[PDB]
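Below: the structure, in structure tokens.
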Amino acid sequence: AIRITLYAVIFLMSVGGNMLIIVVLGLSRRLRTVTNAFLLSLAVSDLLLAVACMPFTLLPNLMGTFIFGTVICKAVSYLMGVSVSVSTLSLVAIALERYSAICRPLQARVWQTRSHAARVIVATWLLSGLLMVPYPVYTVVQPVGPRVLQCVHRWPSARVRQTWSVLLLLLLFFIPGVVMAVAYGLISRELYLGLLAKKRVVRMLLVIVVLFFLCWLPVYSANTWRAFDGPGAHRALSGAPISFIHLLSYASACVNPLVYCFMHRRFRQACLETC
Amino acid sequence: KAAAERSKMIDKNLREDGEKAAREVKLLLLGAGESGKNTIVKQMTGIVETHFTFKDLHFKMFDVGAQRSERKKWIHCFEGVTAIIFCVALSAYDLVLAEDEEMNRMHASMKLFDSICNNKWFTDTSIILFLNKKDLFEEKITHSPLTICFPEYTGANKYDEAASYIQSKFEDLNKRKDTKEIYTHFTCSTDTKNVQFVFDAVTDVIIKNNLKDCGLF
Amino acid sequence: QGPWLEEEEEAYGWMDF
Amino acid sequence: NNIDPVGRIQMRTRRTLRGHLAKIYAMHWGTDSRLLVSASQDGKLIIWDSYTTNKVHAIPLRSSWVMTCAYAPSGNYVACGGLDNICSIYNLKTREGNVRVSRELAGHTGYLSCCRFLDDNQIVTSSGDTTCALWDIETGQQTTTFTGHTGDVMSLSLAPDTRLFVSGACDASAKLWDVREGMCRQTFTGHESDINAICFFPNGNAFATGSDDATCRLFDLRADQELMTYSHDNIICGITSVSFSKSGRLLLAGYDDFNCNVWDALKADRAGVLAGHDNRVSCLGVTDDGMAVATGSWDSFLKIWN
Amino acid sequence: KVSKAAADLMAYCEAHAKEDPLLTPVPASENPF
């Protein structure tokens with residue numbers, strides 16, 4: 001269908017421009033800061049999302065079978081969990097650190113240093129790994145039918161399955177979503193009050209939150225529906241429908257390079273300096 | 001290796017000194033001769049350093065002006081200051097220069113402001129501009145109507161009109177208006193809220209700096 | 001295509017992300 | 001010319017030194033050729049172990065506005081000038097176990113543009129008050145003052161004999177000062193802009209003046225005129241630092257164009273380009289044995305090139 | 001005149017170019033790296 005063209009465009013942009021961001025933020029060209037360190041971490045997470053998710057989730061839907069093996073399935077499941085958790089927690093980290101940089105700027109002058117940026121980045125990566133240990137512990141590949149492999153997430157008790165599902169839902173979508181929403185609302189409010197074209201980038205601060213919910217809501221809602229409903233949840237969301245839902249999520253990995261980095265002129269100047 | 005341990009301890013000392021020295025403001029008080037800068041110093045020999053903590057924020061102030069050398073060779077040392085505390089006495093509009101005695105002090109001060117504002121080292125440096133001794137300026141402006149200093153005035157001798165005209169002239173000659181912010185304040189000799197204005201102005205400066213660093217602006 | 005379930009009422013899950 | 005040019009110079013960054021958190025304004029290579037000194041606006045003066053990339057000393061400068069630096073030929077003292085007008089001499093090797101300041105020479109009105117040691121206890125400085133001055137360390141008083149410049153003396157370089165030296169001012173003129181006499185032997189006024197850098201040839205009979213009009217003009221004491229003018233149409237920026245090789249063939253010149261353009265002493269051909277610094281190359285020096293060339297730039301980076 | 005000073009400058013350069021590590025690259029054994 002049309003899914004393959006959109007997956008190809010999103011892969012092309014979200015690998016090309018994202019690796020360009022990783023290259024530019026790699027060598028310090030006087031435009032690397034605390035928030036640029038957080039953008040480097042988010043770019044690594046989104047590149048891992050782009051290279052680990054979309055060809056490896058499209059094919060179980062586009063071909064209907066999992067060509068790869070069980071150890072590949074578990075490693076890609078670890079990549080799934082670590083990349084989604086690091087991407088959401090890194091977005092929240094950029095939100096909270098902008099909330100410290102513009103609201104209460106003296107505390108930013110006190111403790112907003114690159115050492116703190118590295119400490120927070122390492123903390124989110126380690127927490128993501130620890131929380132998503134059960135993701136390759138329990139992604140046992142089961143032959144579904146005669147000769148079809150699907151990488152089912154078998155859990156020992158159902159109660160554990162929906163308990164972990166709601167744990168993921170609150171700890172990666174609900175609480176991170178409300179934290180980033182509150183943080184950028186406070187940034188917009190103190191932009192209006194504390195200090196005009198900044199009122200015009202309040203539009204960008206709005207899209208960073210409402211578009212984030214728009215991109216990331218169907219994935220978590222579908223997975224929660226899978227967790228409780230069980231039998232029959234797959235039949236409504238198999239094929240192209242779910243293969244578009246994840247595309248919205250990967251559109252998130254498509255829009256993160258465009259908004260923080262590519263929109264502003266400073267990164268264009270960094271691009272010119274790199275050349 | 002003992003030398004490697006010594007170098008690591010030295011590097012720890014350097015990074016701790018940087019972490020305790022990147023949290024300071026580093027104001028550059030570049031005013032003009034007999035323009036009331038010392039009054040600002042009291043309410044807080046080539047470089048004079050004044051260090052003061054207000055509202056748990058540390059301020060380091062570089063009372064430059066005694067150098068009396070060509071400014072093109074040493075001003076780039078101050079690239080990276082949070083602000084330039086440019087000090088002018090309003091009441092000195094009719095006061096004569098001691099060096100030349102034929103050319104007015106406001107013309108010299110706006111020449112200095114044109115030089116300071118329009119340079120490569122302060123393209124993104126705000127200028128906190130204090131206007132000292134206004135409590136003498138109302139009597140001097142009732143006596144001298146500012147007409148001799150500004151032929152292009154075309155106005156009366158009121159305090160508000162003259163002060164606003166001088167503030168407009170000082171905010172003029174800022175060719176690069178997008179990045180430089182002329183935070184202008186009116187102060188007396190006995191005014192005590194200058195440190196509060198400095199605190200609020202550099203708070204706005206560091207907020208705008210964080211906006212540019214985060215890329216929000 | 002690729003019906004994650006390929007059967008009826010098997011409750012066989014799919015990749016969350 | 002009948003000489004054979006050396007050609008392109010492939011000279012690599014073997015050692016890079018980090019630990020400065022502000023722009024580096026001056027460096028000096030010691031006679032021992034292993035220990036380096038770097039002066040920056042952070043308020044820290046660093047004695048670098050150049051070979052092992054270690055830091056021998058971190059000196060907390062009282063005045064963070066240091067524009068010049070000098071390392072003693074005996075290696076015991078280190079001098080820093082700057083905007084505060086005080087030339088501070090610090091004791092590197094101390095019996096108490098901590099680096100201490102030895103002397104604070106405060107007799108200059110203008111900022112200290114360049115300071116260089118003649119001996120262990122004698123130092124010549126130049127300031128932006130049209131004056132140079134020879135000082136005694138133990139006395140703390142000017143032995144003599146060299147005047148005659150009508151502009152701010154920006155650059156000072158000592159001959160290896162430490163008897164004659166030359167100073168270049170913002171008056172676009174370099175004067176030959178005798179240390180003992182204090183009387184101007186000769187005046188070279190072929191320049192058009194301020195002489196930002198100056199350096200003797202290791203022969204001692206010639207010296208290069210890196211003014212800000214992009215011409216490292218080379219003068220000879222005995223010739224009484226100019227020999228070569230190093231004007232390139234590509235380069236329009238100022239010449240921040242100037243040094244020489246031991247043979248003096250390579251007239252190393254730090255530039256405001258972010259790079260160090262090596263030159264030819266006999267044919268005025270740019271034998272190399274050394275663009276490895278993010279910011280302006282503020283300070284540049286050959287090692288005394290010629291082993292390496294270290295450049296410090298405003299990106300707080302000191303790089304050693306072999 | 002300029003000729004003698006130029007000739008002396010050339011003589012010093014050609015005399016001391018042999019041990020100059022900048023003009024002639026040093027073999028890597030000398031520097032322990």
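Chain labels run A, B, ... following the order of the structure tokens; each chain numbers its residues from 1, and ligands are numbered from 1 in the order shown.
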Using only C-alpha atoms, which protein or nucleic acid residues come within 8 Å of stretch 59-70 of chain D? Drop anything in the same chain fewer than 2 positions from it, and give the result as a PDB file with C-alpha atoms, in the first residue's frame.
ATOM      1  CA  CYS B  77      39.773  40.577  26.869  1.00  0.00           C
TER       2      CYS B  77
ATOM      3  CA  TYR D  25      46.389  34.998  25.504  1.00  0.00           C
ATOM      4  CA  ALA D  26      50.056  34.066  25.884  1.00  0.00           C
ATOM      5  CA  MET D  27      52.518  31.183  25.917  1.00  0.00           C
ATOM      6  CA  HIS D  28      56.268  30.864  26.270  1.00  0.00           C
ATOM      7  CA  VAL D  37      53.536  27.967  30.274  1.00  0.00           C
ATOM      8  CA  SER D  38      50.030  29.076  29.307  1.00  0.00           C
ATOM      9  CA  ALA D  39      48.243  32.229  30.468  1.00  0.00           C
ATOM     10  CA  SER D  40      44.477  32.593  30.089  1.00  0.00           C
ATOM     11  CA  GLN D  41      41.618  34.790  31.290  1.00  0.00           C
ATOM     12  CA  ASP D  42      40.330  32.042  33.614  1.00  0.00           C
ATOM     13  CA  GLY D  43      42.642  33.333  36.338  1.00  0.00           C
ATOM     14  CA  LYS D  44      44.787  30.194  36.106  1.00  0.00           C
ATOM     15  CA  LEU D  45      48.364  30.104  34.838  1.00  0.00           C
ATOM     16  CA  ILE D  46      49.312  26.562  33.844  1.00  0.00           C
ATOM     17  CA  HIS D  57      51.431  23.659  38.129  1.00  0.00           C
ATOM     18  CA  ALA D  72      62.355  32.045  33.084  1.00  0.00           C
ATOM     19  CA  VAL D  78      57.285  32.688  35.820  1.00  0.00           C
ATOM     20  CA  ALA D  79      56.056  36.190  34.928  1.00  0.00           C
ATOM     21  CA  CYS D  80      52.589  37.452  33.988  1.00  0.00           C
ATOM     22  CA  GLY D  81      51.541  40.959  33.024  1.00  0.00           C
ATOM     23  CA  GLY D  82      48.204  42.109  31.736  1.00  0.00           C
ATOM     24  CA  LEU D  83      45.604  44.783  32.324  1.00  0.00           C
ATOM     25  CA  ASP D  84      46.207  45.187  36.080  1.00  0.00           C
ATOM     26  CA  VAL D  99      53.400  27.681  44.403  1.00  0.00           C
ATOM     27  CA  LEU D 112      51.623  45.038  30.184  1.00  0.00           C
ATOM     28  CA  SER D 113      51.646  44.024  26.522  1.00  0.00           C
ATOM     29  CA  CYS D 114      54.754  41.815  26.620  1.00  0.00           C
ATOM     30  CA  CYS D 115      57.259  40.738  29.273  1.00  0.00           C
ATOM     31  CA  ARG D 116      60.438  38.714  28.704  1.00  0.00           C
ATOM     32  CA  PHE D 117      63.290  37.638  30.991  1.00  0.00           C
TER      33      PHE D 117
END
**Report entry** Non-local contacts of residue E:26 (12 Å; only C-alpha atoms; under 2 positions in same chain excluded) as number ranges by chain
**Finding:** D: 10-12, 290-292, 305-306; E: 18-24, 28-32
Requested in this report: Give me, as a PyMOL selection string, the contact residues of chain A against chain C at a cut-off of 9 Å, counting only C-alpha atoms.
Outcome: chain A and resi 53+57+59-65+77+80-81+84+139+142+144-145+148+150-154+219-220+222-223+226-227+229-235+237-240+246+249
Could you build a table of the residues in chain D lying no more than 12 Å from chain A, giving for each the nearest pair of atoms and their separation in Å rounded to one decimal place, using only C-alpha atoms, ordered by chain and ascending residue number, as JSON lines?
{"residue": "D:276", "atom": "CA", "partner": "A:29", "partner_atom": "CA", "distance": 11.9}
{"residue": "D:277", "atom": "CA", "partner": "A:29", "partner_atom": "CA", "distance": 10.3}
{"residue": "D:278", "atom": "CA", "partner": "A:29", "partner_atom": "CA", "distance": 7.2}
{"residue": "D:279", "atom": "CA", "partner": "A:30", "partner_atom": "CA", "distance": 9.4}
{"residue": "D:298", "atom": "CA", "partner": "A:30", "partner_atom": "CA", "distance": 11.4}
{"residue": "D:299", "atom": "CA", "partner": "A:30", "partner_atom": "CA", "distance": 8.5}
{"residue": "D:300", "atom": "CA", "partner": "A:30", "partner_atom": "CA", "distance": 11.5}
Expected file: the selected residues, N, CA and C atoms, as a JSON list (two decimals), in the first residue's frame:
[["chain", "number", "residue", "atom", "x", "y", "z"],
["D", 276, "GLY", "N", 43.98, 24.46, 12.59],
["D", 276, "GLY", "CA", 43.51, 23.46, 13.52],
["D", 276, "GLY", "C", 42.95, 24.05, 14.80],
["D", 277, "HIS", "N", 42.66, 25.35, 14.78],
["D", 277, "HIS", "CA", 42.15, 26.06, 15.95],
["D", 277, "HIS", "C", 40.77, 26.64, 15.65],
["D", 278, "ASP", "N", 39.87, 26.51, 16.63],
["D", 278, "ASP", "CA", 38.50, 27.01, 16.46],
["D", 278, "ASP", "C", 38.46, 28.54, 16.45],
["D", 279, "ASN", "N", 39.27, 29.18, 17.30],
["D", 279, "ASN", "CA", 39.26, 30.62, 17.46],
["D", 279, "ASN", "C", 40.59, 31.21, 16.98],
["D", 298, "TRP", "N", 42.16, 31.21, 21.36],
["D", 298, "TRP", "CA", 41.09, 31.69, 22.23],
["D", 298, "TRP", "C", 40.03, 30.63, 22.52],
["D", 299, "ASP", "N", 40.09, 29.46, 21.89],
["D", 299, "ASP", "CA", 39.20, 28.36, 22.25],
["D", 299, "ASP", "C", 39.71, 27.58, 23.46],
["D", 300, "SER", "N", 40.62, 28.17, 24.24],
["D", 300, "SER", "CA", 41.24, 27.56, 25.43],
["D", 300, "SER", "C", 42.02, 26.30, 25.08]]
Requested in this report: Enumerate as a PyMOL selection string the residues belonging to chain B that approach chain D to within 8 Å, with only C-alpha atoms taken into account.
Outcome: chain B and resi 3-4+6-7+10-11+14-15+18+45-48+67-70+74+77
Can you write just those residues out, C-alpha atoms, as a PDB file, in the first residue's frame?
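The result, written out as out-v7.pdb:
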ATOM      1  CA  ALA B   3      53.081  13.002  38.155  1.00  0.00           C
ATOM      2  CA  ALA B   4      49.843  11.634  36.687  1.00  0.00           C
ATOM      3  CA  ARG B   6      49.446  15.424  40.498  1.00  0.00           C
ATOM      4  CA  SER B   7      48.059  16.334  37.065  1.00  0.00           C
ATOM      5  CA  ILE B  10      45.418  19.865  39.344  1.00  0.00           C
ATOM      6  CA  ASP B  11      42.699  19.157  36.763  1.00  0.00           C
ATOM      7  CA  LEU B  14      40.782  23.602  37.712  1.00  0.00           C
ATOM      8  CA  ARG B  15      37.350  22.105  37.043  1.00  0.00           C
ATOM      9  CA  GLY B  18      35.564  26.639  36.782  1.00  0.00           C
ATOM     10  CA  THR B  45      45.812  50.236  38.907  1.00  0.00           C
ATOM     11  CA  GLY B  46      44.485  49.270  35.487  1.00  0.00           C
ATOM     12  CA  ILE B  47      41.537  47.054  36.420  1.00  0.00           C
ATOM     13  CA  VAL B  48      39.571  47.444  39.660  1.00  0.00           C
ATOM     14  CA  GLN B  67      43.953  52.489  31.454  1.00  0.00           C
ATOM     15  CA  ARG B  68      44.354  55.611  29.245  1.00  0.00           C
ATOM     16  CA  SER B  69      45.631  53.475  26.353  1.00  0.00           C
ATOM     17  CA  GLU B  70      44.310  52.679  22.884  1.00  0.00           C
ATOM     18  CA  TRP B  74      42.674  45.306  25.319  1.00  0.00           C
ATOM     19  CA  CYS B  77      39.773  40.577  26.869  1.00  0.00           C
TER      20      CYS B  77
END
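The shell of residues at most 10 Å from residue B:22, with only C-alpha atoms counted and near chain neighbours (fewer than 6 positions) removed, consists of residues 109, 110, 111 and 113 of chain A; 16 of chain B; 21 and 42 of chain D.
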Query raised in the report: Using only C-alpha atoms, which chain A residues lie at most 7 Å away from chain B, written as JSON, numbers by chain?
Result: {"A": [35, 101, 102, 105, 109, 110, 195, 198, 201, 264]}
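When atom CA of residue B:166 is paired with atom CA of residue B:144, their separation reads 14.4 Å.
Once residue A:39 and its same-chain neighbours fewer than 6 positions away are set aside, residues 21, 22, 25, 32, 33, 45, 90, 91, 93, 94, 256, 257, 260 and 261 of chain A remain within 10 Å of it when counting only C-alpha atoms.
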Query raised in the report: Skipping near chain neighbours, those fewer than 6 positions away, what residues fall within 9 Å of residue D:102 using only C-alpha atoms, listed as a ChimeraX atom specification?
Result: /D:77,88-91,137
Counting only C-alpha atoms, what is within 10 Å of residue D:149, bar same-chain residues fewer than 2 positions away, as an mmCIF file with N, CA, C and O atoms, in the first residue's frame?
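So the final result, stored in result_22.cif, reads:
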data_model
loop_
_atom_site.group_PDB
_atom_site.id
_atom_site.type_symbol
_atom_site.label_atom_id
_atom_site.label_comp_id
_atom_site.auth_asym_id
_atom_site.auth_seq_id
_atom_site.Cartn_x
_atom_site.Cartn_y
_atom_site.Cartn_z
ATOM 1 N N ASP D 129 51.766 52.241 27.336
ATOM 2 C CA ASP D 129 52.007 53.631 27.697
ATOM 3 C C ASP D 129 53.249 54.182 27.006
ATOM 4 O O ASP D 129 53.967 55.007 27.577
ATOM 5 N N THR D 130 53.516 53.703 25.789
ATOM 6 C CA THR D 130 54.627 54.099 24.916
ATOM 7 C C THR D 130 55.996 53.801 25.525
ATOM 8 O O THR D 130 57.002 54.370 25.088
ATOM 9 N N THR D 131 56.081 52.921 26.524
ATOM 10 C CA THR D 131 57.338 52.681 27.221
ATOM 11 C C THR D 131 57.623 51.194 27.362
ATOM 12 O O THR D 131 56.708 50.382 27.555
ATOM 13 N N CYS D 132 58.907 50.856 27.283
ATOM 14 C CA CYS D 132 59.435 49.590 27.761
ATOM 15 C C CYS D 132 60.249 49.858 29.021
ATOM 16 O O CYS D 132 60.609 50.997 29.312
ATOM 17 N N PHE D 146 62.864 52.553 28.660
ATOM 18 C CA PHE D 146 63.108 52.853 27.257
ATOM 19 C C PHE D 146 61.899 53.603 26.716
ATOM 20 O O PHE D 146 60.783 53.066 26.695
ATOM 21 N N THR D 147 62.125 54.844 26.291
ATOM 22 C CA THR D 147 61.100 55.693 25.708
ATOM 23 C C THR D 147 61.570 56.166 24.341
ATOM 24 O O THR D 147 62.756 56.105 24.012
ATOM 25 N N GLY D 151 53.585 55.563 20.234
ATOM 26 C CA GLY D 151 52.390 54.750 20.274
ATOM 27 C C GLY D 151 52.563 53.605 21.251
ATOM 28 O O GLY D 151 53.654 53.372 21.775
ATOM 29 N N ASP D 152 51.463 52.896 21.489
ATOM 30 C CA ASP D 152 51.464 51.812 22.464
ATOM 31 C C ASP D 152 52.343 50.665 21.994
ATOM 32 O O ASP D 152 52.084 50.055 20.952
ATOM 33 N N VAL D 153 53.384 50.372 22.771
ATOM 34 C CA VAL D 153 54.331 49.316 22.432
ATOM 35 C C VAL D 153 53.645 47.975 22.666
ATOM 36 O O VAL D 153 53.382 47.593 23.809
ATOM 37 N N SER D 167 61.433 46.647 19.833
ATOM 38 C CA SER D 167 60.046 46.796 20.241
ATOM 39 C C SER D 167 59.250 47.461 19.131
ATOM 40 O O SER D 167 59.713 48.427 18.519
ATOM 41 N N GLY D 168 58.055 46.943 18.881
ATOM 42 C CA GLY D 168 57.158 47.478 17.865
ATOM 43 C C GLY D 168 55.942 48.114 18.513
ATOM 44 O O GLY D 168 55.347 47.544 19.435
ATOM 45 N N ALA D 169 55.576 49.295 18.029
ATOM 46 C CA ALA D 169 54.472 50.036 18.615
ATOM 47 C C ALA D 169 53.300 50.128 17.652
ATOM 48 O O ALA D 169 53.361 49.695 16.499
ATOM 49 N N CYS D 170 52.219 50.726 18.154
ATOM 50 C CA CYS D 170 51.053 51.026 17.340
ATOM 51 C C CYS D 170 51.273 52.217 16.419
ATOM 52 O O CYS D 170 50.393 52.522 15.606
ATOM 53 N N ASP D 171 52.418 52.888 16.521
ATOM 54 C CA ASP D 171 52.804 53.983 15.640
ATOM 55 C C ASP D 171 53.310 53.465 14.279
ATOM 56 O O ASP D 171 53.751 54.257 13.436
ATOM 57 N N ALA D 172 53.198 52.150 14.047
ATOM 58 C CA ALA D 172 53.736 51.461 12.869
ATOM 59 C C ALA D 172 55.240 51.687 12.754
ATOM 60 O O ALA D 172 55.754 52.136 11.728
ATOM 61 N N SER D 173 55.949 51.376 13.835
ATOM 62 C CA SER D 173 57.386 51.580 13.888
ATOM 63 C C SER D 173 57.990 50.626 14.907
ATOM 64 O O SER D 173 57.418 50.404 15.981
ATOM 65 N N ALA D 174 59.139 50.057 14.550
ATOM 66 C CA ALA D 174 59.906 49.185 15.426
ATOM 67 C C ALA D 174 61.262 49.823 15.685
ATOM 68 O O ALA D 174 61.960 50.213 14.744
ATOM 69 N N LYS D 175 61.632 49.921 16.955
ATOM 70 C CA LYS D 175 62.862 50.580 17.361
ATOM 71 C C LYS D 175 63.807 49.578 18.006
ATOM 72 O O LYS D 175 63.374 48.674 18.737
ATOM 73 N N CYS D 184 68.113 54.813 21.299
ATOM 74 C CA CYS D 184 67.620 54.161 20.082
ATOM 75 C C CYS D 184 68.722 54.133 19.034
ATOM 76 O O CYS D 184 69.088 55.162 18.461
ATOM 77 N N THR D 187 65.584 53.167 13.949
ATOM 78 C CA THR D 187 64.131 53.198 13.850
ATOM 79 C C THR D 187 63.719 52.697 12.474
ATOM 80 O O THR D 187 64.202 53.206 11.458
#
Query raised in the report: So which bits of stretch 46-210 of chain B end up strand (DSSP E) when you DSSP the backbone, as a count of residues only?
Result: 31
**Report entry** Atom-to-atom span, atom CA of residue B:62 and atom CA of residue B:80, Å
**Finding:** 12.6 Å
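In plain terms, chain E touches chain D through residues 1, 2, 4, 5, 6, 9, 10, 12, 13, 14, 15, 16, 17, 20, 21, 22, 23, 25 and 33 of chain E, where touching means an atom at most 8 Å away, counting only C-alpha atoms.
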Requested in this report: May I have all residues of chain E that DSSP, computed from the backbone, assigns to alpha helix (DSSP H), given as an MDAnalysis selection string?
Outcome: chainID E and resid 2:16
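By chain and then residue number, the residues within 12 Å of residue B:181 are residues 82, 83, 84, 85, 117, 122, 123, 124, 125, 126, 127, 128, 129, 170, 171, 172, 174, 175, 201, 202, 204, 205, 208 and 209 of chain B, counting only C-alpha atoms and disregarding those fewer than 6 positions away in sequence.
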May I have the residues from that selection written out with C-alpha atoms, as a PDB file, in the first residue's frame?
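After the write, out.pdb holds the following:
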ATOM      1  CA  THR B  82      27.238  39.416  30.878  1.00  0.00           C
ATOM      2  CA  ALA B  83      26.700  43.163  30.504  1.00  0.00           C
ATOM      3  CA  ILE B  84      28.448  46.511  30.130  1.00  0.00           C
ATOM      4  CA  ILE B  85      27.573  48.915  32.965  1.00  0.00           C
ATOM      5  CA  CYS B 117      28.355  49.250  21.027  1.00  0.00           C
ATOM      6  CA  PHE B 122      30.198  42.946  22.064  1.00  0.00           C
ATOM      7  CA  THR B 123      27.830  41.848  19.303  1.00  0.00           C
ATOM      8  CA  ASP B 124      25.703  39.890  21.796  1.00  0.00           C
ATOM      9  CA  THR B 125      26.446  41.839  24.997  1.00  0.00           C
ATOM     10  CA  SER B 126      23.719  43.847  26.700  1.00  0.00           C
ATOM     11  CA  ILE B 127      24.492  47.368  27.886  1.00  0.00           C
ATOM     12  CA  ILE B 128      23.095  48.290  31.285  1.00  0.00           C
ATOM     13  CA  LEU B 129      23.195  52.081  31.068  1.00  0.00           C
ATOM     14  CA  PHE B 170      21.700  56.682  24.051  1.00  0.00           C
ATOM     15  CA  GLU B 171      19.435  53.938  22.702  1.00  0.00           C
ATOM     16  CA  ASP B 172      20.227  55.469  19.318  1.00  0.00           C
ATOM     17  CA  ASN B 174      22.912  50.962  18.736  1.00  0.00           C
ATOM     18  CA  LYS B 175      23.130  49.805  15.133  1.00  0.00           C
ATOM     19  CA  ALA B 201      18.592  43.376  34.388  1.00  0.00           C
ATOM     20  CA  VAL B 202      21.175  40.585  34.480  1.00  0.00           C
ATOM     21  CA  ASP B 204      16.706  39.243  32.048  1.00  0.00           C
ATOM     22  CA  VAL B 205      20.089  38.978  30.297  1.00  0.00           C
ATOM     23  CA  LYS B 208      17.624  35.781  27.082  1.00  0.00           C
ATOM     24  CA  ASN B 209      21.008  34.027  26.931  1.00  0.00           C
TER      25      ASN B 209
END
